[PDB]
Amino acid sequence: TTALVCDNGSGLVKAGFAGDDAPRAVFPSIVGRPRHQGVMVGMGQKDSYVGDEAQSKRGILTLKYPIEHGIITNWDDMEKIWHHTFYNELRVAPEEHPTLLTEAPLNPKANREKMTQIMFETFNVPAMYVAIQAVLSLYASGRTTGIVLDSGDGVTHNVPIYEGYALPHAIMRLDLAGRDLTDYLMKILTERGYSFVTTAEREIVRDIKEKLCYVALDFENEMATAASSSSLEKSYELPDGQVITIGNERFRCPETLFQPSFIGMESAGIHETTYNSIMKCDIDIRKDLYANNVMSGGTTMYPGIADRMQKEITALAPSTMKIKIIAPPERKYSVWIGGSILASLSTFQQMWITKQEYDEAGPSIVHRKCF
Amino acid sequence: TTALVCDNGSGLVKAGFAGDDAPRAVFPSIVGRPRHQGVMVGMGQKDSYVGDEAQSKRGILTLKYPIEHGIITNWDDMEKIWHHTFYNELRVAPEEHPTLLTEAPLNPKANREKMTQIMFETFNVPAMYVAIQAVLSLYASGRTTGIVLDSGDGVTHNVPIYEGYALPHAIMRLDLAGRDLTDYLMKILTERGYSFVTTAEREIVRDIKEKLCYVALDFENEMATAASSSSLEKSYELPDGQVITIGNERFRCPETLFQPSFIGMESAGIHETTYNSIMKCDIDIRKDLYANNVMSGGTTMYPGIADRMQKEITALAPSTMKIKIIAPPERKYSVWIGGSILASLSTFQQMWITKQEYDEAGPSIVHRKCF
Amino acid sequence: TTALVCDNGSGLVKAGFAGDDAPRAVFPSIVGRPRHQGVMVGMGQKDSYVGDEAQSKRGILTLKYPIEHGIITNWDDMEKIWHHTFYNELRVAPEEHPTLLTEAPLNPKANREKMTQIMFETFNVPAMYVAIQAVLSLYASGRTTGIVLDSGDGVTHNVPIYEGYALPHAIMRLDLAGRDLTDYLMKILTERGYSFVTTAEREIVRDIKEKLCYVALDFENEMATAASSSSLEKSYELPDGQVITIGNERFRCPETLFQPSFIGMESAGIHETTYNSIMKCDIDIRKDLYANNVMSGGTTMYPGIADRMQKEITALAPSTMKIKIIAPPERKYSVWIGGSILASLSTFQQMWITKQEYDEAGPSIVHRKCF
Amino acid sequence: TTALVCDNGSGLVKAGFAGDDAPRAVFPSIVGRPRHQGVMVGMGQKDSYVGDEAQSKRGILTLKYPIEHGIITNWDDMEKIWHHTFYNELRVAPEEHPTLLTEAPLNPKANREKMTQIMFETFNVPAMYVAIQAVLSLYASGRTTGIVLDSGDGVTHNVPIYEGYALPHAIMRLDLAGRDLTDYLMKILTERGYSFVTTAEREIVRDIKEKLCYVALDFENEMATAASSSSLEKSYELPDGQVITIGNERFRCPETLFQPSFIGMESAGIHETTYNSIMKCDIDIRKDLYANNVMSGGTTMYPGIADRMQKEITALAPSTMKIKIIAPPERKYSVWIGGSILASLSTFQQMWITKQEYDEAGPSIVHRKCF
Amino acid sequence: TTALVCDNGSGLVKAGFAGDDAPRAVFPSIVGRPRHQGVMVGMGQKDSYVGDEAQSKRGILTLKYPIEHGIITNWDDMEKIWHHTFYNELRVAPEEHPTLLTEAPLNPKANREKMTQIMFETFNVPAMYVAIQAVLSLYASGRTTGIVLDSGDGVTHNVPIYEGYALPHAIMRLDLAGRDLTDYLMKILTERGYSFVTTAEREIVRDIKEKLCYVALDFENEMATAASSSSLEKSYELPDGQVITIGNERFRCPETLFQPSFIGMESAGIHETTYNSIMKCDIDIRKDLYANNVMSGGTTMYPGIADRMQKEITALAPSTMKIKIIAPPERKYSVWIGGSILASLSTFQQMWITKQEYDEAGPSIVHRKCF
Ligand SMILES: C/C1=C\CC[C@H](C)OC(=O)C[C@H](c2ccc(O)cc2)NC(=O)[C@@H](Cc2c[nH]c3ccccc23)N(C)C(=O)[C@H](CCCCN)NC(=O)[C@@H](C)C1
Ligand SMILES: Nc1ncnc2c1ncn2[C@@H]1O[C@H](COP(=O)(O)OP(=O)(O)O)[C@@H](O)[C@H]1O
Ligand SMILES: Nc1ncnc2c1ncn2[C@@H]1O[C@H](COP(=O)(O)OP(=O)(O)O)[C@@H](O)[C@H]1O
Ligand SMILES: Nc1ncnc2c1ncn2[C@@H]1O[C@H](COP(=O)(O)OP(=O)(O)O)[C@@H](O)[C@H]1O
Ligand SMILES: Nc1ncnc2c1ncn2[C@@H]1O[C@H](COP(=O)(O)OP(=O)(O)O)[C@@H](O)[C@H]1O
Ligand SMILES: Nc1ncnc2c1ncn2[C@@H]1O[C@H](COP(=O)(O)OP(=O)(O)O)[C@@H](O)[C@H]1O
Ligand SMILES: [Mg+2]
Ligand SMILES: [Mg+2]
Ligand SMILES: [Mg+2]
Ligand SMILES: [Mg+2]
Ligand SMILES: [Mg+2]
């Protein structure tokens with residue numbers, strides 16, 4: 001009846017109904033399991049916990065993320081998350097509504113085929129569609145032209161679109177993502193003696209990162225400043241009441257997005273990737289993409305990231321070029337919002353893969369681009 | 001009611017109404033189509049763009065010119081251009097006005113027959129006439145005697161007229177035209193490392209040529225000068241803000257009109273062709289044609305071309321002969337203007353091919369020269 | 001009222017009024033027609049040009065002479081010339097004045113009968129008379145005795161008159177005339193590589209002949225001189241500014257009047273014809289004719305022709321005989337002048353053929369010699 | 001020892017030995033030069049090619065004909081052709097044999113004088129003679145009376161001979177020749193869209209003309225037929241395997257010999273020129289020339305030309321006159337054959353210009369007509 | 001003493017001595033540098049590795065190619081490669097032997113001038129010459145006529161030569177080359193989940209391409225076959241012992257040479273470019289070029305490419321034309337071999353730029369084409 005929109009990406013699950021201005025179900029893509037003993041199954045015990053349950057009880061659980069780098073690697077756990085979203089968080093049977101799913105570009109074909117098969121079997125979704133997240137992000141901004149940098153937990157990617165036409169030959173993807181920045185911060189923090197090694201401890205570091213990290217406009221000057229000034233230090237109170245101090249780790253962590261070499265990658269920084277996607281585009285496109293760089297995804301939420309990219313692109317770009325970065329307060333939910341918009345359009349109504357079409361065509365139908 | 005005048009030649013379309021001192025609809029003879037993907041037809045997308053639309057959106061389009069060397073080669077695209085001129089640019093139904101068309105001399109008979117059939121079927125023009133462009137150019141100058149050198153995008157041609165009588169046995173045509181000079185410049189520029197290989201890039205080179213090229217009065221001295229002096233270099237800013245420098249390419253390009261051998265042709269230069277057309281004319285005609293060389297067409301707009309031909313013809317001509325070149329600021333539109341003049345004459349009123357005459361006589365009527 | 005006098009002979013038309021000391025209308029007997037295309041009659045075009053118009057526009061016209069060897073061969077064109085003389089050059093209606101016409105002797109009777117009928121029908125001349133050109137030439141000289149050699153464009157002829165009495169049994173006519181000398185020069189000039197083959201080119205050769213040719217007093221010595229000396233060469237500038245050099249062709253052309261064998265004729269030279277006309281005359285006449293050789297007509301204008309004949313006749317004549325050649329600066333117009341004189345005489349007033357006499361007698365009246 | 005006979009005329013060179021029934025060396029009068037680049041002279045490259053070499057390699061060469069309208073215009077290239085004939089094709093040193101050359105009538109005197117000087121200097125021919133081509137053509141036919149129409153590549157000419165006596169006052173020459181018919185066909189063919197503009201392309205058109213063109217007996221009926229019937233169309237396969245269709249161009253091309261006005265000439269057609277040469281001849285000659293019209297030269301090879309002239313002359317001629325055209329299968333070589341015959345005669349032995357006579361008399365000896 | 005021949009093109013360096021039947025030094029044009037840390041310079045560590053060293057140690061190195069699209073972009077690294085070739089691989093001082101270098105056509109003039117300056121300064125080569133690679137490739141085949149398609153790592157180009165004469169106006173160049181096919185395969189392979197993103201991983205993909213890819217004769221049928229048959233799949237073992245399966249990626253990669261649109265280019269496929277170069281050549285050249293299509297360069301080594309072009313050209317060509325493709329087992333080394341042949345010729349001995357000529361003339365001497 002009303003399409004469900006479900007941006008079930010790496011790290012965080014975001015779902016709600018088409019026409020909503022926000023997801024209704026927002027929770028971690030985590031399936032947790034008891035760590036210290038077996039499960040006393042003759043008692044009212046559980047074998048696994050999902051999302052918020054997994055976080056509240058994390059002190060006794062091993063926590064796994066079924067999606068790594070945008071790819072579902074653990075299908076049994078992924079079914080548990082989808083089940084939880086439909087029955088515990090949104091509380092809507094899948095048989096009642098068509099579902100719009102999202103995916104990062106350049107993923108294995110099998111990822112879509114298996115995801116489609118599940119939505120058409122364990123759940124029985126009347127019809128479905130898998131959209132590219134960057135495309136949806138541009139719909140959310142309202143622009144028809146620009147280069148969407150969708151930077152999430154598992155994948156960072158760039159998809160240029162010109163006046164509504166996709167430019168598929170200039171799509172770029174990096175593995176560097178929020179998950180790595182978090183892993184890097186766990187490493188950086190050992191320098192001050194704070195050792196976070198368990199999975200629950202990883203979640204604490206994720207929370208530290210979200211509250212304290214920022215992008216330095218000038219990395220070297222910020223380092224020099226941190227070296228002598230206590231003004232860049234902030235405290236954080238841990239779940240058990242202990243207090244720790246975070247100093248230059250606050251900007252050394254997100255700096256890796258500009259300098260991937262900090263964690264051993266050959267990858268270009270996010271401003272170089274954006275620039276290169278622009279340079280692979282036709283010369284008569286480039287000026288419009290320079291003026292329309294659209295950021296979305298959770299890692300774009302670091303304070304100052306939009307200004308740091310404005311500076312870095314301007315440095316690489318011609319001096320007479322207009323450089324503009326669009327970075328709304330809604331970025332974290334931009335892909336979901338774009339999904340809500342797309343699902344409600346009258347043209348998107350005719351491009352749903354229906355159950356009947358799926359049964360006759362088989363899994364390859366998921367790669368249909370008839371639009 | 002009022003004849004339409006439409007010089008729809010190679011490269012650029014020029015149309016307006018008889019009695020106007022200028023075309024109202026001036027746009028490229030280009031039909032563009034999306035290059036990087038198919039067309040998402042369930043969305044508000046287009047399959048093709050025409051003229052100005054094709055130029056504004058050229059960064060994602062393959063651009064084709066339906067007319068090559070004065071010959072329509074792509075009739076489906078030609079119908080789209082004519083449609084665009086009548087309905088989008090002039091916004092006048094063809095059923096309301098007779099139409100004057102133009103053509104280069106020595107074209108295949110089929111070109112006129114097909115063009116006539118379309119004007120009498122897809123559009124339903126009450127009456128029409130196809131004029132030779134060089135003849136119209138002479139009408140625009142106001143002279144009754146002279147040798148019109150009409151040099152456009154696809155054809156360069158010479159048509160001598162003496163005191164109102166055509167001299168059809170001395171008509172000359174070259175394939176060398178503005179399109180080749182542009183193609184040559186794309187090649188010349190690789191010497192400085194600027195590689196223009198796509199169709200949109202061809203349009204950039206065309207713009208470079210129009211703004212920076214000129215005819216050297218003395219080619220060899222201009223080359224020697226360019227070799228040591230920066231004074232002949234000019235910059236050009238590209239659509240993406242990058243800047244390039246053009247040096248002796250500024251005069252090596254148009255020099256090909258005087259030296260066709262630069263692109264491999266056996267053709268005589270434009271001053272030799274003009275001279276030879278004069279020499280094939282009766283000895284008692286020659287002195288009047290020498291004194292009345294009329295230039296028209298877009299490639300005659302290169303700065304200094306009139307002076308270079310004045311020098312070259314004078315060198316070939318008898319020393320006691322008056323050599324004079326007429327080259328108005330309106331040359332680019334001379335053929336169109338001549339069409340406006342002809343269409344408004346009371347004698348040209350009786351020589352229109354009407355729909356009824358066409359239906360009874362068939363396509364061969366287009367070759368009628370009853371005047 | 002005042003008789004018109006019209007020596008409309010081969011090549012050149014000369015007309016004016018009786019009592020005038022010169023023609024007022026002097027123009028070529030040429031009717032020209034467009035050569036390269038048909039006539040665009042819906043435009044302000046002409047089908048034919050006459051006299052001076054034909055010469056000014058000759059580069060695009062085929063030029064015909066209606067009179068060949070003194071005989072009108074093209075009557076339609078002849079009417080156009082007469083029309084032009086009366087209405088465009090003299091601008092006098094034929095109905096207002098009687099007309100004196102001239103004719104070469106020994107012409108077909110039909111030539112006079114048709115000429116008379118036209119003057120009495122297309123034009124309505126009140127009265128007319130056809131005179132022999134040689135007789136008029138003698139009137140112009142003022143002599144009553146002598147042998148008039150009238151040498152024009154189409155006919156060369158000799159008419160002896162003794163003390164006012166004609167001697168009709170000694171009249172001689174040659175076809176060799178200025179037209180042949182001109183045709184011969186066109187042939188001679190191919191030796192230096194100057195090929196004149198079109199009708200307009202014939203007119204150029206005629207002009208070359210008129211300006212450069214002369215009669216050698218001693219042909220063989222002049223040839224021997226030309227063989228080693230550049231002093232006999234003269235340049236001529238052509239209508240298109242090209243320059244050519246004429247050498248011994250300057251005297252080889254007019255020599256044909258003394259040696260007709262140069263063009264294949266059996267005819268005697270002009271000095272032999274003059275001599276023979278004298279020898280056919282009575283022995284008591286001969287001495288007076290020898291002393292009164294009167295030259296007239298355009299070909300007598302070659303410099304030195306009077307001296308060459310003085311020498312040639314003296315060589316054929318008895319050594320005790322007085323040989324005298326009369327050759328006025330007015331020779332070109334002598335026949336016309338004689339016509340002016342005759343038309344003004346009181347005795348010539350009573351010998352006009354009137355319209356009434358013509359209508360009653362018919363065309364044979366033109367042969368009336370009642371004097 | 002044995003005279004060489006060399007009809008080195010416009011277009012095609014024909015040479016062999018006196019007494020032969022055919023030339024041994026037959027090749028185009030063409031000197032070709034590389035077109036697209038300079039010559040890499042340090043490599044085994046050539047600067048120019050002659051005759052067959054020029055044709056085989058024509059795709060990269062500019063091809064020039066040293067003889068235009070029967071006149072040698074390029075003496076350096078003419079020496080190369082003569083050299084090639086003597087040393088590469090016949091392989092006979094000029095010092096060993098006297099040489100008989102031919103020439104069109106009414107050529108510049110300088111043409112013979114320069115040709116003679118070369119044969120007496122660059123080559124050292126023991127003795128030579130220059131014959132008129134039409135005279136030789138009559139010898140080849142075996143007749144002593146008739147009017148030889150020699151129609152080649154550069155000159156069309158008529159030379160009447162009566163019972164062995166030449167009639168030099170009735171010799172006519174036209175510029176219209178095979179070269180113009182070929183140039184006209186290149187123009188006609190643009191009507192079907194086949195544009196031949198390079199020199200090698202001219203050679204293709206020449207080949208098309210030779211294989212497909214014919215003379216219509218009734219031009220107007222043949223045009224009417226071509227208008228509705230495919231039976232007059234023939235295909236031609238081009239050097240690159242492409243195929244073109246030639247329709248009424250097959251007879252419109254050679255028709256120009258009967259209607260020179262098709263290419264802008266005032267010239268009479270070939271049947272009118274033949275007729276006029278007859279009419280300039282004595283009335284007691286005319287009947288024998290009418291019965292002996294002899295055709296020779298390559299343009300007389302068009303199928304049906306003899307029948308078309310039979311019809312046209314008969315139409316102009318008196319109805320009781322016998323009209324006969326002689327047109328042997330050997331016409332193409334008739335002049336050469338006549339040269340072989342003349343060179344072998346015992347009387348022609350005493351009229352050779354020897355080297356000694358030349359050195360003492362100088363170049364003017366070439367005009368000797370002592371026979 | 002013995003010229004060195006060095007085809008130091010994009011991707012792979014090939015060098016040896018003139019007269020050798022093969023290069024002696026064959027190694028990648030790669031300069032590698034440590035990736036994960038700085039260089040511990042107080043220890044026996046290196047800052048950079050070249051060629052084979054760079055490949056053996058690639059797991060810790062960033063690898064750069066100094067030549068992109070045939071253009072040297074990194075001159076410091078290029079000097080390191082040249083140094084390595086002369087001193088480590090061939091072990092011959094440059095001062096002892098003249099050197100023959102090669103270059104792709106239509107490169108920036110600066111590329112030759114800088115390359116020449118280095119060979120004349122950092123190394124001190126007695127004399128040098130820069131040859132076009134396609135020309136050398138034709139020498140290697142032994143043919144004097146044909147169209148050399150040299151398809152390497154950075155440039156694909158077509159150079160027609162006719163009977164030893166170059167045809168410089170029909171030279172075509174594409175950017176599409178082996179480097180792009182490799183980049184495309186890295187992208188295609190993400191579909192099966194194999195993500196290759198680092199530079200060393202690029203080298204693995206290059207190796208996969210070289211061992212498994214082929215050209216489908218019928219692309220569509222090969223795709224249809226791959227869709228149902230495991231017979232087109234091949235395994236590949238990775239450096240760490242893991243095994244991957246490559247399916248239709250085996251022919252989708254090289255297909256881009258026939259369909260450049262697969263990677264977003266407007267370029268014509270290689271069979272269309274070859275065809276168009278032929279069509280720009282003179283009609284009398286075309287048949288010989290069709291019969292002599294010569295392939296060279298590493299990308300021509302894909303199995304089946306010669307047969308695919310035979311089919312594609314035949315489809316575009318006239319049906320009566322002979323189409324022949326020459327594709328020797330030595331193609332990979334054809335340019336080098338041609339260099340060995342040229343360097344050993346006695347004519348090429350006189351066209352070397354010597355040190356003295358260079359010092360006096362300056363860098364512009366490198367553009368000398370005196371041959
Ligand atoms: C036999 C021959 C050409 C025909 C090739 C093929 C078998 O037939 C066609 O395809 C016809 C087809 C056709 C097209 C449209 C139509 O309404 C009706 C007909 N013509 C074209 O495209 C013409 C177009 C053209 C260019 N300037 C012209 C000048 C006058 C007339 C035509 C042209 N074009 C490419 C050629 O002539 C080319 C190249 C000329 C430029 C060199 N500087 N010339 C040749 O190869 C030569 C050997 C001649
Ligand atoms: N304020 C913030 N600052 C920095 N990172 C953030 C912030 N909020 C969320 N993130 C990071 O964003 C990622 C999750 O956001 P999201 O883009 O929704 O992920 P995904 O789209 O992969 O589900 C995590 O890596 C998380 O740490
Ligand atoms: N200022 C200029 N200098 C040189 N070339 C010009 C200029 N303006 C236009 N042109 C050339 O003229 C051609 C188009 O002019 P136009 O004569 O109208 O073409 P067409 O008549 O074929 O439509 C193009 O080749 C264009 O580059
Ligand atoms: N100065 C001149 N020298 C030689 N011939 C002349 C000269 N002037 C005129 N003629 C010739 O005279 C002829 C025309 O003179 P004219 O006697 O009036 O002819 P017609 O009486 O036949 O009209 C032409 O042949 C012309 O070339
Ligand atoms: N079969 C033929 N049909 C028509 N023209 C021909 C034929 N054969 C040759 N020609 C033409 O004849 C001319 C060459 O023949 P030829 O008389 O020997 O020339 P020339 O005598 O000037 O050397 C060329 O114009 C050629 O096209
Ligand atoms: N067997 C093969 N199949 C396909 N491509 C190959 C093969 N061998 C080499 N190549 C490709 O050829 C290129 C290098 O060959 P080469 O022509 O020598 O390059 P270059 O001339 O640019 O140095 C690389 O792109 C490489 O992948
Ligand atoms: Mg996401
Ligand atoms: Mg135009
Ligand atoms: Mg007179
Ligand atoms: Mg001949
Ligand atoms: Mg190479």
# chains A, B, ... in the order shown; residues from 1 in each chain; ligands from 1
>>> interface_residues(of="chain C", to="chain B", cutoff="7 Å", atoms="only C-alpha atoms", output="PyMOL selection string")
chain C and resi 36+40-43+58-59+239-242
>>> residues_near_ligand(ligand="ligand 5", cutoff="6 Å", atoms="only C-alpha atoms and all ligand atoms", output="list in words")
residues 9, 10, 11, 12, 13, 152, 153, 154, 178, 179, 206, 210, 297, 298, 299, 301, 302 and 332 of chain D
>>> write_last_selection(atoms="C-alpha atoms", output="PDB file, in the first residue's frame")
ATOM      1  CA  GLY D   9      50.217  14.599 -78.815  1.00  0.00           C
ATOM      2  CA  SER D  10      47.972  15.724 -76.018  1.00  0.00           C
ATOM      3  CA  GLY D  11      46.990  13.060 -73.569  1.00  0.00           C
ATOM      4  CA  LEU D  12      48.597   9.934 -75.088  1.00  0.00           C
ATOM      5  CA  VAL D  13      52.100   9.248 -76.475  1.00  0.00           C
ATOM      6  CA  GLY D 152      42.069  14.077 -80.009  1.00  0.00           C
ATOM      7  CA  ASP D 153      42.526  14.990 -76.367  1.00  0.00           C
ATOM      8  CA  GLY D 154      43.500  18.619 -76.875  1.00  0.00           C
ATOM      9  CA  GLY D 178      38.436  14.864 -75.396  1.00  0.00           C
ATOM     10  CA  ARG D 179      39.947  16.681 -72.396  1.00  0.00           C
ATOM     11  CA  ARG D 206      38.428   9.351 -68.235  1.00  0.00           C
ATOM     12  CA  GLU D 210      35.993   5.432 -72.517  1.00  0.00           C
ATOM     13  CA  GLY D 297      41.748  10.389 -83.363  1.00  0.00           C
ATOM     14  CA  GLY D 298      40.569   8.955 -80.052  1.00  0.00           C
ATOM     15  CA  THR D 299      37.364  10.914 -79.624  1.00  0.00           C
ATOM     16  CA  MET D 301      35.941   6.138 -81.059  1.00  0.00           C
ATOM     17  CA  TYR D 302      32.663   6.869 -79.310  1.00  0.00           C
ATOM     18  CA  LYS D 332      43.001   5.745 -82.628  1.00  0.00           C
TER      19      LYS D 332
END
>>> select_by_dssp(residues="range 157-193 of chain E", states="helix (DSSP H, G or I)", output="PyMOL selection string")
chain E and resi 168-170+178-192
>>> atom_distance(atom1="atom 9 (C, counted along the ligand's line) of ligand 1", atom2="CA of residue 14 in chain B")
28.1 Å
>>> residues_around(residues="residue 156 in chain D", least_positions_apart="3", cutoff="12 Å", atoms="only C-alpha atoms", output="PyMOL selection string")
chain D and resi 9-10+69-70+104-106+133-134+148-153+159+171-181+257+267-271+273-274+295-300
>>> write_last_selection(atoms="C-alpha atoms", output="PDB file, in the first residue's frame")
ATOM      1  CA  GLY D   9      50.217  14.599 -78.815  1.00  0.00           C
ATOM      2  CA  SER D  10      47.972  15.724 -76.018  1.00  0.00           C
ATOM      3  CA  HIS D  69      45.389  22.107 -76.633  1.00  0.00           C
ATOM      4  CA  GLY D  70      48.182  20.666 -78.746  1.00  0.00           C
ATOM      5  CA  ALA D 104      48.252  19.997 -84.882  1.00  0.00           C
ATOM      6  CA  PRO D 105      47.842  22.826 -87.495  1.00  0.00           C
ATOM      7  CA  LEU D 106      47.707  26.503 -86.503  1.00  0.00           C
ATOM      8  CA  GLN D 133      48.537  15.042 -88.047  1.00  0.00           C
ATOM      9  CA  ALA D 134      45.549  15.326 -90.333  1.00  0.00           C
ATOM     10  CA  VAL D 148      40.302  14.567 -92.176  1.00  0.00           C
ATOM     11  CA  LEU D 149      38.672  15.221 -88.889  1.00  0.00           C
ATOM     12  CA  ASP D 150      41.328  14.511 -86.319  1.00  0.00           C
ATOM     13  CA  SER D 151      39.766  14.700 -82.921  1.00  0.00           C
ATOM     14  CA  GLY D 152      42.069  14.077 -80.009  1.00  0.00           C
ATOM     15  CA  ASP D 153      42.526  14.990 -76.367  1.00  0.00           C
ATOM     16  CA  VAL D 159      42.140  19.488 -93.028  1.00  0.00           C
ATOM     17  CA  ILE D 171      41.752  24.488 -92.329  1.00  0.00           C
ATOM     18  CA  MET D 172      39.729  24.716 -89.183  1.00  0.00           C
ATOM     19  CA  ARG D 173      40.544  24.186 -85.542  1.00  0.00           C
ATOM     20  CA  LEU D 174      38.500  23.883 -82.379  1.00  0.00           C
ATOM     21  CA  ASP D 175      39.707  23.810 -78.813  1.00  0.00           C
ATOM     22  CA  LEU D 176      36.929  21.443 -77.884  1.00  0.00           C
ATOM     23  CA  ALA D 177      38.465  18.063 -77.467  1.00  0.00           C
ATOM     24  CA  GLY D 178      38.436  14.864 -75.396  1.00  0.00           C
ATOM     25  CA  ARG D 179      39.947  16.681 -72.396  1.00  0.00           C
ATOM     26  CA  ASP D 180      36.870  18.929 -72.232  1.00  0.00           C
ATOM     27  CA  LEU D 181      34.431  16.134 -72.657  1.00  0.00           C
ATOM     28  CA  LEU D 257      30.942  17.467 -79.721  1.00  0.00           C
ATOM     29  CA  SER D 267      32.023  26.846 -81.526  1.00  0.00           C
ATOM     30  CA  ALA D 268      30.098  25.058 -84.174  1.00  0.00           C
ATOM     31  CA  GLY D 269      29.571  21.356 -83.648  1.00  0.00           C
ATOM     32  CA  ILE D 270      31.888  18.933 -85.389  1.00  0.00           C
ATOM     33  CA  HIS D 271      29.404  18.328 -88.189  1.00  0.00           C
ATOM     34  CA  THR D 273      32.728  22.618 -88.825  1.00  0.00           C
ATOM     35  CA  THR D 274      33.171  19.785 -91.315  1.00  0.00           C
ATOM     36  CA  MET D 295      37.625  10.390 -89.129  1.00  0.00           C
ATOM     37  CA  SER D 296      40.614   9.804 -86.918  1.00  0.00           C
ATOM     38  CA  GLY D 297      41.748  10.389 -83.363  1.00  0.00           C
ATOM     39  CA  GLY D 298      40.569   8.955 -80.052  1.00  0.00           C
ATOM     40  CA  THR D 299      37.364  10.914 -79.624  1.00  0.00           C
ATOM     41  CA  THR D 300      36.056   9.453 -82.814  1.00  0.00           C
TER      42      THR D 300
END
>>> residues_around(residues="range 81-96 of chain C", least_positions_apart="2", cutoff="8 Å", atoms="only C-alpha atoms", output="PyMOL selection string")
chain C and resi 1+15-16+24-25+29-31+50-51+77-79+98-99+123-126
>>> residues_around(residues="residue 194 in chain D", least_positions_apart="2", cutoff="10 Å", atoms="only C-alpha atoms", output="list in words")
residues 107 and 108 of chain B; 186, 187, 188, 189, 190, 191, 192, 196, 197, 244, 245 and 246 of chain D
>>> select_by_dssp(residues="range 158-291 of chain B", states="strand (DSSP E)", output="JSON, numbers by chain")
{"B": [158, 159, 160, 161, 162, 165, 166, 172, 173, 174, 234, 235, 236, 237, 243, 244, 245, 246]}
>>> residues_around(residues="residue 62 in chain A", least_positions_apart="2", cutoff="9 Å", atoms="only C-alpha atoms", output="list in words")
residues 31, 32, 33, 34, 35, 54, 58, 59, 60, 64, 198, 199 and 200 of chain A
>>> write_last_selection(atoms="C-alpha atoms", output="mmCIF file, in the first residue's frame")
data_model
loop_
_atom_site.group_PDB
_atom_site.id
_atom_site.type_symbol
_atom_site.label_atom_id
_atom_site.label_comp_id
_atom_site.auth_asym_id
_atom_site.auth_seq_id
_atom_site.Cartn_x
_atom_site.Cartn_y
_atom_site.Cartn_z
ATOM 1 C CA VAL A 31 23.280 -9.044 16.294
ATOM 2 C CA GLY A 32 24.677 -9.775 19.740
ATOM 3 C CA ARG A 33 25.232 -13.132 21.449
ATOM 4 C CA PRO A 34 26.124 -14.122 25.087
ATOM 5 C CA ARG A 35 29.883 -14.193 25.585
ATOM 6 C CA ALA A 54 22.295 -5.700 21.802
ATOM 7 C CA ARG A 58 26.444 -5.350 25.351
ATOM 8 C CA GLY A 59 28.474 -5.899 28.508
ATOM 9 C CA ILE A 60 27.822 -9.654 28.220
ATOM 10 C CA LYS A 64 28.630 -8.702 15.161
ATOM 11 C CA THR A 198 36.511 -5.869 23.234
ATOM 12 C CA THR A 199 33.570 -5.443 20.998
ATOM 13 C CA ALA A 200 31.566 -3.503 23.594
#
